[PDB]
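**Student:** sequence, then structure. It's an experimental one.
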Amino acid sequence: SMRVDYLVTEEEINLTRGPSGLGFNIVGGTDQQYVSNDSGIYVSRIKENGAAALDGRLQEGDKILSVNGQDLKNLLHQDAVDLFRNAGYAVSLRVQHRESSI
Ligand code: NA
């Protein structure tokens, strides 16, 4: 049973909220099909000195698959925003790091 990937492209990241939030910006959603050829919620910016920045693992361009196990597929942009806001202090993200079609 493989529990170690040759290439680590997907990752679970456990963040804790700071005073300014989780410390990243998102784009995407079912109402933002123009953003990507692979619809979902993406990290557009890691905020300088914020929670996500200090933690080190989240990257700009990450696709966030789920928050606390809740799939972000099928969500409007605003519905994703509300989810993050509703997630409490500790937040578990499952992400797919950037992968480019050539
Ligand atoms: Na940050």
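**Tutor:** Yep, that arrived. Residues are numbered from 1 along each chain as shown.

**Student:** run the chain-centre distance for stretch 48-61.
**Tutor:** Chain-centre distance of stretch 48-61: 11 Å, with Cα atoms, centre = their mean, to the nearest Å.

**Student:** ok, and what's touching it?
**Tutor:** Applying Cβ atoms under 8 Å, 6 or more residues apart in numbering, the external contacts of stretch 48-61 come out as 11, 13, 15-18, 20-24, 42-47, 93, 95, 97-98. C-beta here means a position set from N, CA and C on the backbone, and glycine is covered the same way.

**Student:** mind doing that once more with 10 Å?
**Tutor:** 11-25, 36, 42-47, 62, 64, 91, 93, 95-100 (Cβ atoms under 10 Å, 6 or more residues apart in numbering).

**Student:** so which of those residues are in strands?
**Tutor:** 11-16, 24-25, 42-46, 64, 91, 93, 95-96 (DSSP state E).

**Student:** give me the buried entries from the residues you listed.
**Tutor:** 13, 15, 24, 42, 43, 46, 64, 91, 93, 95, 96 (16 or more other Cβ atoms under 10 Å).

**Student:** now the helices for the protein?
**Tutor:** Taking DSSP state H to define them, one finds helices in the chain at 51-55, 77-86.

**Student:** nearest to residue 7, out of the ones you listed?
**Tutor:** helix 51-55 (21.5 Å; Cβ to Cβ).
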